[PDB]
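Participant: Provided herewith is a single structure, encoded as structure tokens, for subsequent inquiry.
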Amino acid sequence: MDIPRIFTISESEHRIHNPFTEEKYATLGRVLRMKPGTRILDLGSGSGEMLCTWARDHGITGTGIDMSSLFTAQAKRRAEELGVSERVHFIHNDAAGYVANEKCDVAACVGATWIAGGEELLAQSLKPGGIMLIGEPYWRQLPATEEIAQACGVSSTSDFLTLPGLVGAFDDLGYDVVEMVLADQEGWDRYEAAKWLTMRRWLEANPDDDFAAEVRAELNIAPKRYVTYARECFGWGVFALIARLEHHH
Amino acid sequence: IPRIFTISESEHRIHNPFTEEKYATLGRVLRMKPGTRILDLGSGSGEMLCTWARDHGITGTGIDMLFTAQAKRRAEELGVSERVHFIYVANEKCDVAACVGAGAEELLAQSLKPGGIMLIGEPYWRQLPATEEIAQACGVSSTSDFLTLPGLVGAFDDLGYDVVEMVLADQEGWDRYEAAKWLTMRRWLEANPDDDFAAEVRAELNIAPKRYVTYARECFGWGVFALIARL
Amino acid sequence: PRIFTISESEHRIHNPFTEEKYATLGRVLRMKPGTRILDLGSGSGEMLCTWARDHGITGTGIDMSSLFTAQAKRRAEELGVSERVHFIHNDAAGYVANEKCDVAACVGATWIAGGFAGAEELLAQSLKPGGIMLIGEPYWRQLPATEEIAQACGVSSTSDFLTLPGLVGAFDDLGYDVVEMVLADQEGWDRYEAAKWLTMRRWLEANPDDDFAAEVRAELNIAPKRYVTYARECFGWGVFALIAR
């Protein structure tokens, strides 16, 4: 159950695998008002940009658990490049099978793909009244019918939760949402459009590869499928939750 | 003033949808110059004057109250220091009045010079609330409390002024303003749990996030309108 | 008309785009330093000057206005890159570059050819094979329900422009793959329309005796309303990176 060729082929140039932009991650760490030293656990650190960049701006400590590459010296050298490899640590580990030395103040997991979600680990290693950063997808605009949804590339509307229904889901789970950074059309266009050019280059790079057909097909509808439905429907964003905990009374 | 407003915006830098970038854009867009005099009736946080005072070397004086204290900080901290002040009619007729945060036209008028610019921060209906109740949920008495965007520009026109510039707020701007309130409240509930007016702040935070994303996020509109009298 | 020259004499960018939106286009375009560009109706060459400063591209911009061609030449000089770009005063309705260009562009001034399908014939006549073609065209962000409304947005008919999917679907019907897209946002529109309202007023108080004073004053009287009441919701804008299939 690997990753579909198309996805990987049409995202090999992306520096961010979701609608978020540099300005967005930058803002995130800002609104979080984290004091220097705040330890952070980041599952799915990937490039390690978030942790690295925050480490230099808000001056914090942290550790990323990447599950997308054999060696993660691409991020380890990233912290060195920013002169902060003494604060941010990285480990080639895949989610489960992990226990932190000491709890942290911010546990993040934006999720690999913007479509997927992933938390015991996130909660087991988070200090009481800690912030839990989670990137989740939602319906920016609830499609009028399954028809439009199925077109966007989704079984039923019931697959995604609407924004108000998403904040309603966190509350019913005992979670107290205290922050929210949502992506915008611009963020999305950058993410979705960047693919169209990447595929068109791939074709000019491997014309003899019998897969050019699947790319050609994808390209021929990619921009159409996006502007016609997805653009207005698909929504994404990162929520900062803080679980309601009962105390000694 | 519900103290909640003082708590939810306990550490806000801009007590309105506007962002830092928004206040700087209004300034340059107004193509002002060194020697301009303003009167911010409703100064609030005080970011507007301080900011422009720096990147535009402009005089001025804000009025409000006690955020007046908060607005004082920035002045000393920015390097401007007494280029703008904080503490209604002015006996100097500012080169440009303002009321960020109609009807308040009768005031700015009695304190603005002829052919002068008039800034007006006024909220509006970015999108009419599907139904009265929805509008009541957003925290407003009735739909008639605010006017649509075109309705508001039409009001300014029927008052003699022409809109020469206008900087409105965007969703992003709103989230920043609304979300921050949630975090500030939850920080208060953990700093003053065994105090009074907490089981109420606990109520605000219990609904604030739900209320916003559900109704307000796509109805609440705001922005400042620069106006110059005609005739 | 001349109302265009008066209201946009101070503008730096003559469309809903913003400083950031231009930077984005040029960066997402992934251009190697040395790329030759051709802008037809480059207005104040703000697009060629900036990309030449942050990407090392080269190009020339043709525009009917001498005032803009002046601002462009002055702009390239200001950014210290007047060596990479060249601005000439001339017509673009039928311009053709002596040498093919890595990217031919007609952003905004797509009316110089007819609409946008006529702009394809032009650029494509000086664009290296598999070259990138930029097209700045407005679209119905929200297709109106009656010609009245459309007539109240400053246009003649709803057939004047297409919708986002109708527009991209149109570039396709011409055998072009839309590989990149940078759409403008309402904010970008405000900065564009609002500027005119202040320029016209400023020009009005500085030329109360010019022949077009009557007209200008008339434009101002309804421009703010004409926009916020209609246009700001039905109109969309953007640049589309194209490349022959």
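Labels used: A, B, ... for chains in the order of the structure tokens, numbers from 1 for residues in each chain, and numbers from 1 for ligands as shown.
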Looking only at the backbone, which of the residues in range 110-218 of chain C does DSSP tag as strand (DSSP E), as a list in words?
Facilitator: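 Selection result, strand (DSSP E) within range 110-218 of chain C: residues 127, 128, 129, 130, 131, 132, 133, 134, 135, 136, 137, 138, 139, 140, 180, 181, 182 and 183 of chain C.
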Participant: Could you take the residues named above and write them with C-alpha atoms, as a short mmCIF file (atom, residue, chain, number, x, y, z; two decimals), in the first residue's frame?
Facilitator:
data_model
loop_
_atom_site.label_atom_id
_atom_site.label_comp_id
_atom_site.auth_asym_id
_atom_site.auth_seq_id
_atom_site.Cartn_x
_atom_site.Cartn_y
_atom_site.Cartn_z
CA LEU C 127 8.00 32.28 -28.09
CA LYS C 128 10.65 29.51 -28.37
CA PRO C 129 9.12 26.05 -28.67
CA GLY C 130 7.91 24.82 -25.28
CA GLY C 131 8.35 28.34 -24.04
CA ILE C 132 6.27 29.73 -21.23
CA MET C 133 3.46 32.09 -22.16
CA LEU C 134 2.05 34.37 -19.48
CA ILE C 135 -1.52 35.64 -19.75
CA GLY C 136 -3.15 38.13 -17.41
CA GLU C 137 -6.89 37.92 -18.03
CA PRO C 138 -9.90 38.85 -15.85
CA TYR C 139 -12.72 36.37 -15.24
CA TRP C 140 -16.15 36.18 -13.62
CA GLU C 180 1.08 27.55 -13.37
CA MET C 181 -1.49 30.00 -12.06
CA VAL C 182 -1.37 33.03 -9.79
CA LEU C 183 -4.82 34.43 -9.08
#
Participant: Write down, as a ChimeraX atom specification, each residue of chain C that has any atom within 8 Å of an atom of chain B, counting only C-alpha atoms.
Facilitator: /C:187,190-191,194-198,201,220-221,224-225,228-229
Participant: Okay, now the selection with C-alpha atoms, as a PDB file, in the first residue's frame?
Facilitator:
ATOM      1  CA  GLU C 187      -7.398  42.761  -1.410  1.00  0.00           C
ATOM      2  CA  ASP C 190      -8.928  47.130  -3.464  1.00  0.00           C
ATOM      3  CA  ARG C 191      -5.427  48.540  -3.668  1.00  0.00           C
ATOM      4  CA  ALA C 194      -8.983  52.576  -4.240  1.00  0.00           C
ATOM      5  CA  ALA C 195      -5.790  54.104  -5.617  1.00  0.00           C
ATOM      6  CA  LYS C 196      -7.701  55.579  -8.582  1.00  0.00           C
ATOM      7  CA  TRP C 197     -10.170  57.250  -6.229  1.00  0.00           C
ATOM      8  CA  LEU C 198      -7.368  59.182  -4.541  1.00  0.00           C
ATOM      9  CA  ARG C 201      -9.387  63.473  -6.452  1.00  0.00           C
ATOM     10  CA  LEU C 220     -15.178  59.655  -9.016  1.00  0.00           C
ATOM     11  CA  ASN C 221     -18.842  60.201  -8.090  1.00  0.00           C
ATOM     12  CA  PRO C 224     -16.386  53.697  -5.264  1.00  0.00           C
ATOM     13  CA  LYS C 225     -19.973  52.550  -5.446  1.00  0.00           C
ATOM     14  CA  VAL C 228     -18.077  47.744  -3.866  1.00  0.00           C
ATOM     15  CA  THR C 229     -21.643  47.189  -5.057  1.00  0.00           C
TER      16      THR C 229
END
Participant: Using only C-alpha atoms, which residues of range 7-44 of chain A come within 9 Å of range 192-215 of chain A, and what is the closest atom pair for each, with the distance in Å to one decimal? Give it as CSV, sorted by chain and residue number.
Facilitator:
residue,atom,partner,partner_atom,distance
A:9,CA,A:199,CA,7.0
A:10,CA,A:195,CA,5.1
A:11,CA,A:195,CA,6.1
A:12,CA,A:198,CA,7.7
A:13,CA,A:198,CA,7.0
A:14,CA,A:194,CA,7.2
A:18,CA,A:192,CA,8.9
A:19,CA,A:192,CA,8.1
Participant: List every residue of range 59-176 of chain C that DSSP, applied to the backbone, labels as helix (DSSP H, G or I), and write the result as a PyMOL selection string.
Facilitator: chain C and resi 66-78+110-112+117-123+147-151+158-160+164-172
Participant: What separation in Å, quoted to one decimal, exists between CA of residue 106 in chain B and CA of residue 120 in chain B?
Facilitator: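 Taking CA of residue 106 in chain B as the start and CA of residue 120 in chain B as the end point, the length is 12.3 Å.
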Participant: Starting from chain A, keep only residues with some atom at most 7 Å from an atom of chain B, counting only C-alpha atoms, and report them as an mmCIF file with N, CA and C atoms, in the first residue's frame.
Facilitator:
data_model
loop_
_atom_site.group_PDB
_atom_site.id
_atom_site.type_symbol
_atom_site.label_atom_id
_atom_site.label_comp_id
_atom_site.auth_asym_id
_atom_site.auth_seq_id
_atom_site.Cartn_x
_atom_site.Cartn_y
_atom_site.Cartn_z
ATOM 1 N N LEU A 163 -15.572 23.027 8.760
ATOM 2 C CA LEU A 163 -14.796 23.792 9.747
ATOM 3 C C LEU A 163 -15.508 23.884 11.094
ATOM 4 N N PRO A 164 -16.771 24.346 11.103
ATOM 5 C CA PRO A 164 -17.490 24.448 12.371
ATOM 6 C C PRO A 164 -17.708 23.086 12.997
ATOM 7 N N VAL A 167 -14.333 22.005 14.713
ATOM 8 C CA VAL A 167 -14.074 22.604 16.022
ATOM 9 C C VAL A 167 -15.067 22.007 17.011
ATOM 10 N N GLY A 168 -16.151 21.450 16.478
ATOM 11 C CA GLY A 168 -17.159 20.841 17.318
ATOM 12 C C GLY A 168 -16.672 19.462 17.698
ATOM 13 N N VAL A 178 -7.309 26.632 21.441
ATOM 14 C CA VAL A 178 -6.871 27.969 21.827
ATOM 15 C C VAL A 178 -6.096 28.733 20.754
ATOM 16 N N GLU A 179 -6.083 28.191 19.547
ATOM 17 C CA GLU A 179 -5.400 28.849 18.467
ATOM 18 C C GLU A 179 -5.788 28.223 17.153
ATOM 19 N N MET A 180 -5.623 28.970 16.071
ATOM 20 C CA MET A 180 -6.017 28.438 14.785
ATOM 21 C C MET A 180 -5.435 29.216 13.615
#
Participant: If we count only C-alpha atoms and set the cut-off at 12 Å, which residues sit around residue 197 in chain B, ignoring sequence neighbours fewer than 4 positions away in its own chain? Please answer as a PyMOL selection string.
Facilitator: chain B and resi 2-4+7+185+188-189+192-193+201-204
Participant: Could you please tell me, as a list in words, which residues of chain C have an atom within 9 Å of chain A when using only C-alpha atoms?
Facilitator: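 Written out as asked, the residues are residues 24, 28, 29, 164, 165, 166, 168, 169, 172, 177, 178, 179, 180, 181, 182, 183, 184, 185 and 241 of chain C.
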Participant: Those residues you just picked out, can you put them in a file as a compact mmCIF listing (two decimals), in the first residue's frame with C-alpha atoms?
Facilitator:
# COMPACT_ATOMS: atom_id res chain seq x y z
CA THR C 24 5.17 34.92 -6.56
CA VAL C 28 6.95 29.93 -9.15
CA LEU C 29 7.93 30.29 -12.78
CA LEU C 164 -12.30 30.30 -13.82
CA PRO C 165 -13.10 26.82 -15.24
CA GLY C 166 -14.37 28.33 -18.46
CA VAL C 168 -8.79 27.45 -18.08
CA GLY C 169 -10.95 25.19 -20.21
CA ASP C 172 -7.00 24.04 -23.20
CA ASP C 177 -1.31 23.08 -20.80
CA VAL C 178 -1.81 25.51 -17.91
CA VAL C 179 1.25 24.65 -15.78
CA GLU C 180 1.08 27.55 -13.37
CA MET C 181 -1.49 30.00 -12.06
CA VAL C 182 -1.37 33.03 -9.79
CA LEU C 183 -4.82 34.43 -9.08
CA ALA C 184 -5.42 37.86 -7.63
CA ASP C 185 -7.42 38.38 -4.47
CA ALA C 241 1.43 30.19 -17.31
Participant: List as a list in words the protein and nucleic acid residues near residue 233 in chain C, meaning an atom at most 8 Å away when only C-alpha atoms are counted, but skip any in the same chain fewer than 3 places from it.
Facilitator: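 Listing them by chain and then by number gives residues 141, 142, 186, 228, 230 and 236 of chain C.
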Participant: By how many Å are CA of residue 71 in chain A and CA of residue 98 in chain A apart?
Facilitator: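 Atom-to-atom, CA of residue 71 in chain A and CA of residue 98 in chain A are spaced 17.9 Å apart.
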Participant: Need to verify the contact set: range 14-23 of chain C, 7 Å, only C-alpha atoms, exclusion of same-chain residues closer than 2 positions in sequence. Can you return it as a ChimeraX atom specification?
Facilitator: /C:11-12,25-27,43,47,108,184,188-189,192,237
Participant: One number please: CA of residue 70 in chain A to CA of residue 135 in chain A, in Å, one decimal.
Facilitator: 23.9 Å
Participant: Which neighbours of residue 105 in chain B fall inside 12 Å, counting only C-alpha atoms, when residues of the same chain fewer than 3 positions from it are skipped, and could you give them as a list in words?
Facilitator: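 Contacts, with the query itself left out: residues 41, 88, 97, 98, 99, 102, 108, 109, 110, 111, 112, 118, 119, 120, 121, 122, 155, 156, 159, 160, 161, 227, 228 and 229 of chain B.
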